[PDB]
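Asks: input-v2.csv is reproduced in full below (CSV, N, CA and C atoms).
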chain,number,residue,atom,x,y,z
A,206,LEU,N,22.8,7.3,-81.8
A,206,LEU,CA,24.1,6.8,-82.3
A,206,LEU,C,24.1,5.3,-82.1
A,207,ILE,N,24.1,4.5,-83.1
A,207,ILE,CA,24.2,3.1,-83.1
A,207,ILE,C,25.4,2.6,-83.8
A,208,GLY,N,26.2,1.7,-83.1
A,208,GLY,CA,27.4,1.1,-83.8
A,208,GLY,C,28.0,0.1,-82.9
A,209,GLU,N,29.0,-0.6,-83.4
A,209,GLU,CA,29.7,-1.7,-82.7
A,209,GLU,C,30.4,-1.1,-81.5
A,210,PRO,N,30.6,-1.9,-80.4
A,210,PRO,CA,31.4,-1.4,-79.3
A,210,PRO,C,32.8,-1.1,-79.6
A,211,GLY,N,33.3,0.0,-79.2
A,211,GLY,CA,34.7,0.4,-79.5
A,211,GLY,C,34.9,1.0,-80.9
A,212,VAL,N,33.8,1.1,-81.7
A,212,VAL,CA,34.0,1.7,-83.0
A,212,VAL,C,33.8,3.2,-83.1
A,213,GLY,N,33.5,3.8,-81.9
A,213,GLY,CA,33.3,5.3,-81.9
A,213,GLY,C,31.9,5.7,-81.6
A,214,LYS,N,31.1,4.8,-81.0
A,214,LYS,CA,29.7,5.2,-80.7
A,214,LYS,C,29.6,6.4,-79.7
A,215,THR,N,30.5,6.4,-78.7
A,215,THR,CA,30.5,7.5,-77.7
A,215,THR,C,31.4,8.6,-78.2
A,216,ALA,N,32.4,8.3,-79.1
A,216,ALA,CA,33.4,9.3,-79.6
A,216,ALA,C,32.7,10.1,-80.7
A,217,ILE,N,31.6,9.7,-81.2
A,217,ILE,CA,30.9,10.5,-82.3
A,217,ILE,C,30.4,11.8,-81.7
A,218,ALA,N,29.8,11.7,-80.5
A,218,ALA,CA,29.2,12.9,-79.8
A,218,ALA,C,30.3,13.6,-79.1
A,219,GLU,N,31.5,13.1,-78.9
A,219,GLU,CA,32.6,13.8,-78.2
A,219,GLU,C,33.1,15.0,-79.1
A,220,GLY,N,33.2,14.8,-80.4
A,220,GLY,CA,33.7,15.8,-81.3
A,220,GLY,C,32.6,16.9,-81.5
A,221,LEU,N,31.3,16.6,-81.3
A,221,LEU,CA,30.3,17.6,-81.5
A,221,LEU,C,30.4,18.7,-80.3
A,222,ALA,N,30.6,18.2,-79.1
A,222,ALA,CA,30.7,19.1,-78.0
A,222,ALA,C,31.9,20.1,-78.2
A,223,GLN,N,33.0,19.6,-78.6
A,223,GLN,CA,34.2,20.5,-78.8
A,223,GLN,C,33.9,21.5,-79.9
A,224,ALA,N,33.2,21.1,-81.0
A,224,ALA,CA,32.9,21.9,-82.1
A,224,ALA,C,31.9,23.0,-81.8
A,225,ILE,N,31.2,22.9,-80.6
A,225,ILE,CA,30.3,23.9,-80.2
A,225,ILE,C,30.9,25.3,-79.9
A,226,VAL,N,32.1,25.2,-79.3
A,226,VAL,CA,32.9,26.5,-79.1
A,226,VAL,C,33.3,27.1,-80.4
A,227,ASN,N,33.7,26.3,-81.3
A,227,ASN,CA,34.1,26.8,-82.6
A,227,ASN,C,33.0,27.1,-83.6
A,228,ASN,N,31.8,26.8,-83.2
A,228,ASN,CA,30.6,27.1,-84.0
A,228,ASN,C,30.7,26.4,-85.4
A,229,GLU,N,31.1,25.1,-85.3
A,229,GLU,CA,31.3,24.3,-86.6
A,229,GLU,C,30.0,23.7,-87.0
A,230,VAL,N,28.9,23.8,-86.2
A,230,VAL,CA,27.6,23.2,-86.6
A,230,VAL,C,26.8,24.4,-87.2
A,231,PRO,N,25.6,24.1,-87.7
A,231,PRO,CA,24.7,25.1,-88.3
A,231,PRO,C,24.1,25.9,-87.1
A,232,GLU,N,23.3,26.9,-87.6
A,232,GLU,CA,22.6,27.8,-86.6
A,232,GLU,C,21.5,27.0,-85.8
A,233,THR,N,20.9,26.0,-86.4
A,233,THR,CA,19.9,25.2,-85.7
A,233,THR,C,20.6,24.4,-84.5
A,234,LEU,N,21.8,23.9,-84.7
A,234,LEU,CA,22.5,23.2,-83.6
A,234,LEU,C,23.3,24.2,-82.8
A,235,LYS,N,23.4,25.4,-83.2
A,235,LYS,CA,24.2,26.4,-82.4
A,235,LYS,C,23.4,26.8,-81.1
A,236,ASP,N,24.2,27.3,-80.2
A,236,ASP,CA,23.7,27.8,-78.9
A,236,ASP,C,22.9,26.7,-78.2
A,237,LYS,N,23.5,25.5,-78.3
A,237,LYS,CA,22.9,24.3,-77.6
A,237,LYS,C,24.0,23.5,-76.9
A,238,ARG,N,23.6,23.1,-75.7
A,238,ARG,CA,24.5,22.3,-74.8
A,238,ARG,C,24.1,20.9,-74.8
A,239,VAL,N,25.1,20.0,-75.2
A,239,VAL,CA,24.8,18.6,-75.3
A,239,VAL,C,25.4,17.9,-74.0
A,240,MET,N,24.6,17.2,-73.3
A,240,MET,CA,24.9,16.5,-72.1
A,240,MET,C,24.9,15.0,-72.3
A,241,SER,N,26.0,14.3,-72.0
A,241,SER,CA,26.1,12.9,-72.1
A,241,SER,C,25.9,12.3,-70.7
A,242,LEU,N,24.7,11.8,-70.5
A,242,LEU,CA,24.3,11.2,-69.2
A,242,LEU,C,24.4,9.7,-69.2
A,243,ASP,N,25.1,9.2,-68.2
A,243,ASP,CA,25.2,7.7,-68.1
A,243,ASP,C,23.9,7.1,-67.8
A,244,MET,N,23.7,5.8,-68.2
A,244,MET,CA,22.5,5.1,-68.0
A,244,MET,C,22.4,4.5,-66.6
A,245,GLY,N,23.5,4.5,-65.8
A,245,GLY,CA,23.4,4.0,-64.5
A,245,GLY,C,22.9,4.9,-63.4
A,246,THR,N,22.7,6.2,-63.8
A,246,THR,CA,22.1,7.2,-62.9
A,246,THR,C,20.7,6.8,-62.5
A,247,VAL,N,19.9,6.4,-63.5
A,247,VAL,CA,18.5,6.0,-63.3
A,247,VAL,C,18.1,4.8,-64.1
A,255,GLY,N,9.2,5.7,-59.7
A,255,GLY,CA,8.9,6.7,-58.8
A,255,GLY,C,10.0,7.6,-58.4
A,256,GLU,N,10.7,7.1,-57.3
A,256,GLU,CA,11.9,7.8,-56.8
A,256,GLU,C,13.0,7.8,-57.9
A,257,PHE,N,13.3,6.7,-58.5
A,257,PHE,CA,14.3,6.6,-59.5
A,257,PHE,C,13.9,7.4,-60.8
A,258,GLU,N,12.6,7.4,-61.2
A,258,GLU,CA,12.2,8.1,-62.4
A,258,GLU,C,12.0,9.6,-62.1
A,259,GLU,N,12.1,10.1,-60.9
A,259,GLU,CA,11.9,11.5,-60.6
A,259,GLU,C,13.1,12.3,-61.3
A,260,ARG,N,14.3,11.8,-61.2
A,260,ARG,CA,15.4,12.5,-61.8
A,260,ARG,C,15.2,12.5,-63.3
A,261,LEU,N,14.8,11.4,-64.0
A,261,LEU,CA,14.6,11.4,-65.4
A,261,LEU,C,13.5,12.4,-65.8
A,262,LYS,N,12.4,12.4,-65.0
A,262,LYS,CA,11.3,13.3,-65.3
A,262,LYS,C,11.7,14.8,-65.2
A,263,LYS,N,12.5,15.1,-64.2
A,263,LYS,CA,12.9,16.5,-64.0
A,263,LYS,C,13.8,16.9,-65.2
A,264,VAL,N,14.7,16.0,-65.6
A,264,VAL,CA,15.6,16.4,-66.7
A,264,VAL,C,14.8,16.6,-68.0
A,265,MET,N,13.9,15.7,-68.3
A,265,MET,CA,13.0,15.8,-69.5
A,265,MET,C,12.2,17.1,-69.4
A,266,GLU,N,11.6,17.4,-68.2
A,266,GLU,CA,10.8,18.6,-68.1
A,266,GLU,C,11.6,19.9,-68.4
A,267,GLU,N,12.8,20.0,-67.8
A,267,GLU,CA,13.6,21.2,-68.0
A,267,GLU,C,14.2,21.4,-69.4
A,268,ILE,N,14.2,20.3,-70.2
A,268,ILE,CA,14.7,20.3,-71.5
A,268,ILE,C,13.6,20.2,-72.6
A,269,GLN,N,12.3,20.1,-72.1
A,269,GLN,CA,11.2,20.0,-73.1
A,269,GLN,C,10.8,21.3,-73.7
A,270,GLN,N,10.4,22.3,-72.9
A,270,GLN,CA,10.0,23.6,-73.4
A,270,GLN,C,11.1,24.5,-73.6
A,271,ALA,N,12.3,24.1,-73.2
A,271,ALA,CA,13.5,25.0,-73.4
A,271,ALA,C,14.1,24.8,-74.8
A,272,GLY,N,14.5,23.6,-75.1
A,272,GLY,CA,15.1,23.3,-76.4
A,272,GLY,C,16.6,23.7,-76.6
A,273,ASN,N,17.2,24.3,-75.6
A,273,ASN,CA,18.6,24.7,-75.6
A,273,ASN,C,19.5,23.6,-75.1
B,615,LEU,N,-0.8,31.6,-33.8
B,615,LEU,CA,-0.1,31.1,-34.9
B,615,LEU,C,0.6,29.8,-34.6
B,616,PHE,N,0.4,28.8,-35.4
B,616,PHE,CA,1.1,27.5,-35.2
B,616,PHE,C,2.0,27.2,-36.4
B,617,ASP,N,3.2,27.7,-36.4
B,617,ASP,CA,4.2,27.5,-37.4
B,617,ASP,C,4.7,26.1,-37.4
B,618,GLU,N,5.2,25.6,-38.5
B,618,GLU,CA,5.7,24.2,-38.6
B,618,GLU,C,4.7,23.2,-38.2
B,619,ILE,N,3.4,23.4,-38.5
B,619,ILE,CA,2.4,22.4,-38.1
B,619,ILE,C,2.7,21.1,-38.8
B,620,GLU,N,3.3,21.1,-40.0
B,620,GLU,CA,3.6,19.8,-40.7
B,620,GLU,C,4.6,19.0,-40.0
B,621,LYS,N,5.4,19.6,-39.1
B,621,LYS,CA,6.4,18.9,-38.3
B,621,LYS,C,6.0,19.0,-36.8
B,622,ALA,N,5.2,18.1,-36.3
B,622,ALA,CA,4.8,18.1,-34.9
B,622,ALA,C,4.4,16.7,-34.5
B,623,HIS,N,4.4,16.5,-33.2
B,623,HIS,CA,4.0,15.2,-32.7
B,623,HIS,C,2.5,14.9,-32.9
B,624,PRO,N,2.2,13.7,-33.3
B,624,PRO,CA,0.7,13.4,-33.5
B,624,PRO,C,-0.2,13.7,-32.4
B,625,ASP,N,0.3,13.6,-31.1
B,625,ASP,CA,-0.6,13.9,-30.0
B,625,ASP,C,-1.0,15.3,-29.9
B,626,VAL,N,-0.2,16.2,-30.4
B,626,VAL,CA,-0.5,17.6,-30.5
B,626,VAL,C,-1.7,17.9,-31.4
B,627,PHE,N,-1.8,17.1,-32.5
B,627,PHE,CA,-2.9,17.3,-33.4
B,627,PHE,C,-4.2,16.9,-32.8
B,628,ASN,N,-4.2,15.9,-31.8
B,628,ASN,CA,-5.4,15.6,-31.1
B,628,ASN,C,-6.0,16.7,-30.3
B,629,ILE,N,-5.1,17.5,-29.7
B,629,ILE,CA,-5.5,18.7,-28.9
B,629,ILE,C,-6.1,19.7,-29.9
B,630,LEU,N,-5.5,19.9,-31.1
B,630,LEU,CA,-6.0,20.9,-32.0
B,630,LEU,C,-7.5,20.6,-32.5
B,631,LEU,N,-7.7,19.3,-32.8
B,631,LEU,CA,-9.1,19.0,-33.2
B,631,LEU,C,-10.1,19.3,-32.1
B,632,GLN,N,-9.7,19.1,-30.8
B,632,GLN,CA,-10.6,19.4,-29.7
B,632,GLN,C,-10.9,20.9,-29.7
B,633,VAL,N,-9.9,21.7,-29.9
B,633,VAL,CA,-10.1,23.1,-29.8
B,633,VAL,C,-11.1,23.6,-30.9
B,634,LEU,N,-10.9,23.1,-32.1
B,634,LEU,CA,-11.7,23.5,-33.3
B,634,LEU,C,-13.2,23.3,-33.1
B,635,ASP,N,-13.6,22.1,-32.5
B,635,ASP,CA,-15.0,21.7,-32.4
B,635,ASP,C,-15.5,22.1,-31.0
B,636,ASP,N,-14.9,21.7,-29.9
B,636,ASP,CA,-15.4,22.0,-28.6
B,636,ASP,C,-15.3,23.5,-28.3
B,637,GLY,N,-14.2,24.1,-28.7
B,637,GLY,CA,-14.1,25.5,-28.5
B,637,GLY,C,-13.5,26.0,-27.2
B,638,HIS,N,-13.1,25.0,-26.4
B,638,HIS,CA,-12.5,25.4,-25.1
B,638,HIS,C,-11.7,24.2,-24.6
B,639,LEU,N,-10.8,24.5,-23.7
B,639,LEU,CA,-9.9,23.5,-23.1
B,639,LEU,C,-9.9,23.7,-21.6
B,640,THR,N,-9.4,22.6,-20.9
B,640,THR,CA,-9.3,22.6,-19.4
B,640,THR,C,-7.9,22.2,-19.1
B,641,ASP,N,-7.2,22.9,-18.2
B,641,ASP,CA,-5.8,22.6,-17.9
B,641,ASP,C,-5.8,21.5,-16.8
B,642,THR,N,-4.6,21.2,-16.3
B,642,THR,CA,-4.4,20.3,-15.2
B,642,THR,C,-5.1,20.8,-13.9
B,643,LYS,N,-5.1,22.1,-13.7
B,643,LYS,CA,-5.7,22.7,-12.5
B,643,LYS,C,-7.2,22.7,-12.5
B,644,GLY,N,-7.9,22.4,-13.6
B,644,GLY,CA,-9.3,22.4,-13.7
B,644,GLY,C,-9.9,23.6,-14.2
B,645,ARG,N,-9.2,24.7,-14.4
B,645,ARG,CA,-9.7,25.9,-14.9
B,645,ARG,C,-9.8,25.8,-16.4
B,646,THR,N,-11.0,26.3,-16.9
B,646,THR,CA,-11.3,26.2,-18.3
B,646,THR,C,-11.0,27.5,-19.1
B,647,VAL,N,-10.2,27.5,-20.1
B,647,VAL,CA,-9.9,28.6,-21.0
B,647,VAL,C,-10.9,28.7,-22.1
B,648,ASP,N,-11.0,29.8,-22.7
B,648,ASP,CA,-12.0,30.1,-23.8
B,648,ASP,C,-11.3,30.3,-25.1
B,649,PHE,N,-12.0,29.9,-26.2
B,649,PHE,CA,-11.4,30.1,-27.6
B,649,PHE,C,-12.5,30.7,-28.5
B,650,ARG,N,-13.6,31.3,-28.0
B,650,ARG,CA,-14.6,31.8,-28.8
B,650,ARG,C,-14.2,33.2,-29.3
B,651,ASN,N,-13.1,33.8,-28.9
B,651,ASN,CA,-12.7,35.1,-29.3
B,651,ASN,C,-11.2,35.1,-29.8
B,652,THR,N,-10.9,34.0,-30.5
B,652,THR,CA,-9.6,33.8,-31.0
B,652,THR,C,-9.7,33.3,-32.5
B,653,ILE,N,-8.6,33.5,-33.2
B,653,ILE,CA,-8.5,33.0,-34.6
B,653,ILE,C,-7.3,32.2,-34.7
B,654,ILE,N,-7.5,30.9,-35.1
B,654,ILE,CA,-6.4,30.0,-35.2
B,654,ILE,C,-5.9,29.9,-36.6
B,655,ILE,N,-4.6,30.1,-36.8
B,655,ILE,CA,-3.9,30.0,-38.1
B,655,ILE,C,-2.7,29.1,-38.0
B,656,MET,N,-2.6,28.1,-38.9
B,656,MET,CA,-1.5,27.2,-38.9
B,656,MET,C,-0.7,27.3,-40.2
B,657,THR,N,0.6,27.4,-40.0
B,657,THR,CA,1.5,27.5,-41.2
B,657,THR,C,2.2,26.2,-41.5
B,658,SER,N,2.0,25.7,-42.7
B,658,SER,CA,2.6,24.4,-43.1
B,658,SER,C,3.5,24.6,-44.3
B,659,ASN,N,4.6,23.9,-44.3
B,659,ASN,CA,5.6,24.0,-45.4
B,659,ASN,C,5.2,23.0,-46.5
B,660,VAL,N,4.3,22.1,-46.3
B,660,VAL,CA,3.9,21.2,-47.4
B,660,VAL,C,3.1,22.0,-48.5
B,661,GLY,N,3.1,21.4,-49.7
B,661,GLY,CA,2.5,22.0,-50.8
B,661,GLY,C,3.2,23.2,-51.5
B,662,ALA,N,4.2,23.8,-50.8
B,662,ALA,CA,5.0,24.8,-51.4
B,662,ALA,C,5.9,24.2,-52.5
B,663,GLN,N,6.4,23.1,-52.3
B,663,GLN,CA,7.2,22.4,-53.4
B,663,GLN,C,6.3,22.0,-54.5
B,664,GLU,N,5.0,21.7,-54.2
B,664,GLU,CA,4.1,21.4,-55.3
B,664,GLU,C,3.8,22.6,-56.2
B,665,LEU,N,3.7,23.8,-55.5
B,665,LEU,CA,3.5,25.0,-56.2
B,665,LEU,C,4.6,25.4,-57.1
B,666,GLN,N,5.9,25.3,-56.6
B,666,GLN,CA,7.0,25.6,-57.4
B,666,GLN,C,7.2,24.6,-58.5
B,667,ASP,N,6.7,23.3,-58.4
B,667,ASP,CA,6.8,22.4,-59.5
B,667,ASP,C,5.9,22.8,-60.6
B,668,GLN,N,4.7,23.5,-60.3
B,668,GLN,CA,3.9,24.1,-61.3
B,668,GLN,C,4.6,25.2,-62.0
B,669,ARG,N,5.4,26.0,-61.2
B,669,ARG,CA,6.2,27.1,-61.8
B,669,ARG,C,7.3,26.6,-62.8
B,670,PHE,N,7.9,25.4,-62.5
B,670,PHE,CA,8.9,24.8,-63.3
B,670,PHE,C,8.4,23.7,-64.2
B,671,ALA,N,7.1,23.6,-64.3
B,671,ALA,CA,6.6,22.5,-65.2
B,671,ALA,C,7.0,22.8,-66.7
B,672,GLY,N,7.0,24.0,-67.1
B,672,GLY,CA,7.4,24.4,-68.4
B,672,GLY,C,8.5,25.5,-68.3
B,673,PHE,N,9.4,25.5,-69.3
B,673,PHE,CA,10.5,26.5,-69.4
B,673,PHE,C,9.9,27.8,-69.8
B,674,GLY,N,9.6,28.7,-68.9
B,674,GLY,CA,9.0,30.0,-69.2
B,674,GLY,C,7.6,30.1,-68.9
B,675,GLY,N,6.9,29.1,-68.3
B,675,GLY,CA,5.5,29.1,-68.0
B,675,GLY,C,5.2,28.7,-66.6
B,676,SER,N,4.0,29.0,-66.2
B,676,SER,CA,3.5,28.7,-64.8
B,676,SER,C,2.0,28.3,-64.9
B,677,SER,N,1.4,28.2,-63.7
B,677,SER,CA,0.0,27.9,-63.7
B,677,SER,C,-0.8,29.0,-62.9
B,678,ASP,N,-0.3,30.2,-62.9
B,678,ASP,CA,-1.0,31.3,-62.2
B,678,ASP,C,-2.3,31.7,-62.9
B,679,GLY,N,-2.5,31.4,-64.2
B,679,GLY,CA,-3.7,31.7,-64.9
B,679,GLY,C,-4.9,30.8,-64.6
B,680,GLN,N,-4.7,29.7,-63.9
B,680,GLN,CA,-5.7,28.8,-63.5
B,680,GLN,C,-6.6,29.4,-62.5
B,681,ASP,N,-7.8,28.8,-62.3
B,681,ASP,CA,-8.8,29.3,-61.3
B,681,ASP,C,-8.2,29.0,-59.9
B,682,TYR,N,-8.5,30.0,-59.0
B,682,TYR,CA,-8.0,29.8,-57.6
B,682,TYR,C,-8.6,28.6,-56.9
Kindly return the structure encoded in the file as structure tokens.
Replies:
Amino acid sequence: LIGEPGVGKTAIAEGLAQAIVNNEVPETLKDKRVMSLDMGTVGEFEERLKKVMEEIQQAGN
Amino acid sequence: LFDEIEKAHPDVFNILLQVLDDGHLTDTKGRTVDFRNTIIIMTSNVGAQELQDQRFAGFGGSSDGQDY
């Protein structure tokens, strides 16, 4: 999601998470959990990023 | 049995190396004990986290099929 600051760059994904309960997206996007992770969280620093990527690589959910 | 060998003072490791090669020890009183009729087993907690990392490397897969 690319856009000007304050134009709804973060609000675009906000409505997708709410629509997950109502199943407003297609079956491909259904049964999926979207996580908005801040960029300030992250060898030692990259361990958290690697663990998150590994657990979401072969899962796809 | 030497449990928690991964968490021990370094000086204790020096004694262990002597037992493995020399095969006997002498106490402060000068009497010599024997180790030719004993089996030494040490339990370490290291590497277990590495093994479970292989179990969680992929979602639904592991590395048990590899050669021992």
Asks: Going by DSSP on the backbone, which bits of chain B are strand (DSSP E or B)? Write them as number ranges by chain, please.
Replies: B: 616, 638-640, 646-648, 656, 672, 675
Asks: I need the chain B residues near chain A as a VMD selection string; criterion: at most 8 Å, counting only C-alpha atoms.
Replies: chain B and resid 670 to 674
Asks: Those same residues - N, CA and C atoms - I'd like them written as a PDB file, in the coordinates of the input.
Replies:
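Result file is selection.pdb:
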ATOM      1  N   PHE B 670       7.900  25.400 -62.500  1.00  0.00           N
ATOM      2  CA  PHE B 670       8.900  24.800 -63.300  1.00  0.00           C
ATOM      3  C   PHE B 670       8.400  23.700 -64.200  1.00  0.00           C
ATOM      4  N   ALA B 671       7.100  23.600 -64.300  1.00  0.00           N
ATOM      5  CA  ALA B 671       6.600  22.500 -65.200  1.00  0.00           C
ATOM      6  C   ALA B 671       7.000  22.800 -66.700  1.00  0.00           C
ATOM      7  N   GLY B 672       7.000  24.000 -67.100  1.00  0.00           N
ATOM      8  CA  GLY B 672       7.400  24.400 -68.400  1.00  0.00           C
ATOM      9  C   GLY B 672       8.500  25.500 -68.300  1.00  0.00           C
ATOM     10  N   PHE B 673       9.400  25.500 -69.300  1.00  0.00           N
ATOM     11  CA  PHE B 673      10.500  26.500 -69.400  1.00  0.00           C
ATOM     12  C   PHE B 673       9.900  27.800 -69.800  1.00  0.00           C
ATOM     13  N   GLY B 674       9.600  28.700 -68.900  1.00  0.00           N
ATOM     14  CA  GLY B 674       9.000  30.000 -69.200  1.00  0.00           C
ATOM     15  C   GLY B 674       7.600  30.100 -68.900  1.00  0.00           C
TER      16      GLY B 674
END
Asks: Contacts of residue 637 in chain B at 7 Å or less, counting only N, CA and C atoms, minus same-chain residues fewer than 6 places along, as a VMD selection string?
Replies: chain B and resid 647 to 650
Asks: Between B:646, B:657, B:628, B:640, which one has atoms that come closest to residue 616 in chain B, using only C-alpha atoms?
Replies: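 So, comparing all the options, the nearest one is B:657.
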Asks: Just how far from CA of residue 262 in chain A is CA of residue 664 in chain B, in Å to one decimal?
Replies: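 We find that CA of residue 664 in chain B and CA of residue 262 in chain A lie 14.7 Å from each other.
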Asks: Would you pick out the contacts of residue 220 in chain A at 12 Å or less, using only C-alpha atoms, so that residues sharing its chain but fewer than 5 positions from it are not included, and give the list as a list in words?
Replies: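 Non-adjacent residues within range: residues 213, 214, 215, 225, 226, 227, 229, 230 and 239 of chain A.
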Asks: Excluding residue 224 in chain A and any residue of its chain fewer than 5 positions from it, enumerate the residues within 12 Å of it, using only C-alpha atoms, and give them as a list in words.
Replies: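 The contact residues come out as residues 217, 218, 219, 229, 230, 231, 234, 235, 236, 237, 238 and 239 of chain A.
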Asks: Taking N, CA and C atoms for each residue, export the selection above as a tab-separated table (two decimals), in the coordinates of the input.
Replies:
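Written file, result.tsv:
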chain	number	residue	atom	x	y	z
A	217	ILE	N	31.60	9.70	-81.20
A	217	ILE	CA	30.90	10.50	-82.30
A	217	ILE	C	30.40	11.80	-81.70
A	218	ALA	N	29.80	11.70	-80.50
A	218	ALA	CA	29.20	12.90	-79.80
A	218	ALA	C	30.30	13.60	-79.10
A	219	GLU	N	31.50	13.10	-78.90
A	219	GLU	CA	32.60	13.80	-78.20
A	219	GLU	C	33.10	15.00	-79.10
A	229	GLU	N	31.10	25.10	-85.30
A	229	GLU	CA	31.30	24.30	-86.60
A	229	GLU	C	30.00	23.70	-87.00
A	230	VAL	N	28.90	23.80	-86.20
A	230	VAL	CA	27.60	23.20	-86.60
A	230	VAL	C	26.80	24.40	-87.20
A	231	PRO	N	25.60	24.10	-87.70
A	231	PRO	CA	24.70	25.10	-88.30
A	231	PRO	C	24.10	25.90	-87.10
A	234	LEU	N	21.80	23.90	-84.70
A	234	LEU	CA	22.50	23.20	-83.60
A	234	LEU	C	23.30	24.20	-82.80
A	235	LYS	N	23.40	25.40	-83.20
A	235	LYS	CA	24.20	26.40	-82.40
A	235	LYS	C	23.40	26.80	-81.10
A	236	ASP	N	24.20	27.30	-80.20
A	236	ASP	CA	23.70	27.80	-78.90
A	236	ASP	C	22.90	26.70	-78.20
A	237	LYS	N	23.50	25.50	-78.30
A	237	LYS	CA	22.90	24.30	-77.60
A	237	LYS	C	24.00	23.50	-76.90
A	238	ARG	N	23.60	23.10	-75.70
A	238	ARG	CA	24.50	22.30	-74.80
A	238	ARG	C	24.10	20.90	-74.80
A	239	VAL	N	25.10	20.00	-75.20
A	239	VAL	CA	24.80	18.60	-75.30
A	239	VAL	C	25.40	17.90	-74.00
